[PDB]
Amino acid sequence: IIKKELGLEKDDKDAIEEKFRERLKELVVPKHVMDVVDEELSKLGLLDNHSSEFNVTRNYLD
Amino acid sequence: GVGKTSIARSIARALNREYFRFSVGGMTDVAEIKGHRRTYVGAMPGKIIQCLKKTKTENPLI
Ligand SMILES: Nc1ncnc2c1ncn2[C@@H]1O[C@H](COP(=O)(O)OP(=O)(O)O)[C@@H](O)[C@H]1O
C-alpha cells in the first residue's frame, strides 16, 4: 500500500512507447508518419504482448 | 467525391433521425463491429455501439 501511494508512481510502463517517442523526438519528423506512428502505437496497445501480430507491429515500428 | 456522404447526411436531416457513417474499406477483423469478449484488458465495443451511444437513438441513419 505504501508502494501504491508512491512506489507504483501511478505511471504506465509504456517502455516501447516512450522509447520510440524519445527516439523520434530529436528527429524532424513529418506529420503523416507522425500520425501513422501514433495509430500504430494505439494498435499495439490494443493488442496483447504474447501474440504474433504484436511482434509484427513491433517489428514494423522498429 | 460525388457527395454520397452528403446525400446520406441530407437524408438523415430530412428524416429527423441522427446520422452516422462507418468505414469498412479493406477491413478484415470483424472485431471492429464485434468488439471483443470484454474479459481481455482494454477490450472495446464495436463501432456500432459507439454510433448508438453518441447518436442517443435506436433509429439513427447508419
Ligand atoms: N449534387 C451536389 N450538389 C451540391 N453539392 C454536392 C453535390 N454532390 C456532391 N457535393 C459536394 O460533395 C461533398 C461531399 O462529397 P462526398 O460525399 O465525400 O463524396 P463521396 O461520397 O464520393 O466520397 C459535399 O461537401 C457537397 O457539397
# chains A, B, ... in the order shown; residues from 1 in each chain; ligands from 1
$ residues_near_ligand --ligand "ligand 1" --cutoff "8 Å" --atoms "only C-alpha atoms and all ligand atoms" --output "ChimeraX atom specification"
/B:1-7
$ write_last_selection --atoms "C-alpha atoms" --output "short mmCIF file (atom, residue, chain, number, x, y, z; two decimals), in the first residue's frame"
data_model
loop_
_atom_site.label_atom_id
_atom_site.label_comp_id
_atom_site.auth_asym_id
_atom_site.auth_seq_id
_atom_site.Cartn_x
_atom_site.Cartn_y
_atom_site.Cartn_z
CA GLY B 1 -16.03 12.87 -54.22
CA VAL B 2 -19.61 12.66 -55.52
CA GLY B 3 -21.47 13.56 -52.31
CA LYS B 4 -22.80 10.14 -51.29
CA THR B 5 -21.85 11.00 -47.71
CA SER B 6 -23.55 14.37 -48.19
CA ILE B 7 -26.57 12.57 -49.67
#
$ select_by_dssp --residues "chain A" --states "alpha helix (DSSP H)" --output "ChimeraX atom specification"
/A:2,15-25,31-46,52-61
$ residues_around --residues "residue 34 in chain B" --least-positions-apart "4" --cutoff "10 Å" --atoms "only C-alpha atoms" --output "PDB file with N, CA and C atoms, in the first residue's frame"
ATOM      1  N   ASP B  29     -10.807  -7.684 -39.774  1.00  0.00           N
ATOM      2  CA  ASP B  29     -11.186  -8.176 -38.454  1.00  0.00           C
ATOM      3  C   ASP B  29     -12.589  -7.677 -38.128  1.00  0.00           C
ATOM      4  N   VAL B  30     -13.547  -8.605 -38.061  1.00  0.00           N
ATOM      5  CA  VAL B  30     -14.917  -8.276 -37.693  1.00  0.00           C
ATOM      6  C   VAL B  30     -15.016  -7.681 -36.296  1.00  0.00           C
ATOM      7  N   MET B  44     -12.834  -3.111 -26.311  1.00  0.00           N
ATOM      8  CA  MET B  44     -13.717  -2.017 -26.677  1.00  0.00           C
ATOM      9  C   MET B  44     -14.854  -2.550 -27.539  1.00  0.00           C
ATOM     10  N   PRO B  45     -16.068  -2.024 -27.386  1.00  0.00           N
ATOM     11  CA  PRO B  45     -17.173  -2.477 -28.236  1.00  0.00           C
ATOM     12  C   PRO B  45     -17.009  -2.008 -29.673  1.00  0.00           C
ATOM     13  N   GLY B  46     -17.798  -2.621 -30.553  1.00  0.00           N
ATOM     14  CA  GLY B  46     -17.726  -2.291 -31.960  1.00  0.00           C
ATOM     15  C   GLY B  46     -18.210  -0.884 -32.250  1.00  0.00           C
ATOM     16  N   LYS B  47     -17.891  -0.417 -33.460  1.00  0.00           N
ATOM     17  CA  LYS B  47     -18.218   0.956 -33.829  1.00  0.00           C
ATOM     18  C   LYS B  47     -19.720   1.201 -33.817  1.00  0.00           C
ATOM     19  N   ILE B  48     -20.525   0.154 -34.003  1.00  0.00           N
ATOM     20  CA  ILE B  48     -21.975   0.325 -33.959  1.00  0.00           C
ATOM     21  C   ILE B  48     -22.414   0.745 -32.562  1.00  0.00           C
ATOM     22  N   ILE B  49     -21.764   0.200 -31.533  1.00  0.00           N
ATOM     23  CA  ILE B  49     -22.094   0.580 -30.164  1.00  0.00           C
ATOM     24  C   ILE B  49     -21.771   2.050 -29.935  1.00  0.00           C
TER      25      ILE B  49
END
$ residues_around --residues "residue 20 in chain B" --least-positions-apart "5" --cutoff "12 Å" --atoms "only C-alpha atoms" --output "MDAnalysis selection string"
chainID B and resid 5:6 8:13 47:57 59:62
$ write_last_selection --atoms "C-alpha atoms" --output "PDB file, in the first residue's frame"
ATOM      1  CA  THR B   5     -21.855  11.004 -47.705  1.00  0.00           C
ATOM      2  CA  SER B   6     -23.551  14.373 -48.188  1.00  0.00           C
ATOM      3  CA  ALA B   8     -26.807  10.388 -46.562  1.00  0.00           C
ATOM      4  CA  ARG B   9     -26.424  13.427 -44.302  1.00  0.00           C
ATOM      5  CA  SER B  10     -29.223  15.221 -46.162  1.00  0.00           C
ATOM      6  CA  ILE B  11     -31.410  12.115 -45.918  1.00  0.00           C
ATOM      7  CA  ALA B  12     -30.820  11.982 -42.161  1.00  0.00           C
ATOM      8  CA  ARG B  13     -31.641  15.691 -41.901  1.00  0.00           C
ATOM      9  CA  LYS B  47     -18.218   0.956 -33.829  1.00  0.00           C
ATOM     10  CA  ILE B  48     -21.975   0.325 -33.959  1.00  0.00           C
ATOM     11  CA  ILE B  49     -22.094   0.580 -30.164  1.00  0.00           C
ATOM     12  CA  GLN B  50     -20.268   3.918 -30.314  1.00  0.00           C
ATOM     13  CA  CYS B  51     -22.674   5.099 -33.015  1.00  0.00           C
ATOM     14  CA  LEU B  52     -25.656   4.226 -30.828  1.00  0.00           C
ATOM     15  CA  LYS B  53     -24.022   5.826 -27.781  1.00  0.00           C
ATOM     16  CA  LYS B  54     -23.344   9.157 -29.488  1.00  0.00           C
ATOM     17  CA  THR B  55     -26.491   9.241 -31.644  1.00  0.00           C
ATOM     18  CA  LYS B  56     -28.600   8.840 -28.477  1.00  0.00           C
ATOM     19  CA  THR B  57     -31.219   6.943 -30.505  1.00  0.00           C
ATOM     20  CA  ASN B  59     -33.240   4.643 -35.040  1.00  0.00           C
ATOM     21  CA  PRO B  60     -30.376   6.734 -36.446  1.00  0.00           C
ATOM     22  CA  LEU B  61     -29.160   6.674 -40.054  1.00  0.00           C
ATOM     23  CA  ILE B  62     -26.242   4.241 -40.343  1.00  0.00           C
TER      24      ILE B  62
END
$ closest_atom_pairs --of "chain A" --to "chain B" --cutoff "10 Å" --atoms "only C-alpha atoms" --output "Markdown table"
| residue | atom | partner | partner_atom | distance |
| --- | --- | --- | --- | --- |
| A:45 | CA | B:42 | CA | 8.3 |
| A:46 | CA | B:42 | CA | 6.4 |
| A:47 | CA | B:42 | CA | 8.5 |
| A:48 | CA | B:41 | CA | 8.9 |
$ atom_distance --atom1 "CA of residue 41 in chain A" --atom2 "CA of residue 22 in chain B"
22.3 Å
$ residues_around --residues "range 19-24 of chain A" --least-positions-apart "2" --cutoff "10 Å" --atoms "only C-alpha atoms" --output "CSV table (one decimal) with N, CA and C atoms, in the first residue's frame"
chain,number,residue,atom,x,y,z
A,14,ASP,N,4.8,1.7,-20.6
A,14,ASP,CA,4.9,2.3,-22.0
A,14,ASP,C,6.4,2.3,-22.4
A,15,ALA,N,7.1,1.2,-22.1
A,15,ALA,CA,8.6,1.2,-22.4
A,15,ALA,C,8.8,1.4,-23.8
A,16,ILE,N,8.1,0.6,-24.7
A,16,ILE,CA,8.3,0.7,-26.1
A,16,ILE,C,7.8,2.1,-26.6
A,17,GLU,N,6.6,2.5,-26.1
A,17,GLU,CA,6.1,3.8,-26.5
A,17,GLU,C,7.0,4.9,-26.2
A,26,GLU,N,14.2,13.8,-31.3
A,26,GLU,CA,15.2,14.7,-31.9
A,26,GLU,C,15.0,14.8,-33.3
A,27,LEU,N,14.5,13.8,-34.0
A,27,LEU,CA,14.3,13.9,-35.5
A,27,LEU,C,13.2,14.9,-35.8
A,28,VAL,N,13.4,15.6,-37.0
A,28,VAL,CA,12.4,16.4,-37.6
A,28,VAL,C,11.5,15.5,-38.4
A,29,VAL,N,10.4,15.1,-37.7
A,29,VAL,CA,9.5,14.0,-38.2
A,29,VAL,C,8.4,14.7,-39.0
A,34,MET,N,4.0,10.9,-38.4
A,34,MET,CA,3.7,11.1,-37.0
A,34,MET,C,2.4,10.5,-36.7
A,37,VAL,N,2.6,6.6,-36.9
A,37,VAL,CA,3.2,6.1,-35.7
A,37,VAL,C,2.2,6.1,-34.5
A,38,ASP,N,1.5,7.2,-34.4
A,38,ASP,CA,0.5,7.3,-33.3
A,38,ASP,C,-0.5,6.2,-33.4
A,41,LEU,N,1.0,2.8,-32.6
A,41,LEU,CA,1.2,2.6,-31.1
A,41,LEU,C,-0.2,2.3,-30.5
A,61,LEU,N,7.2,-1.1,-36.4
A,61,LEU,CA,7.5,0.2,-35.7
A,61,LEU,C,9.0,0.4,-35.6
A,62,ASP,N,9.8,-0.7,-35.3
A,62,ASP,CA,11.2,-0.5,-35.3
A,62,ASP,C,11.8,-0.1,-36.6
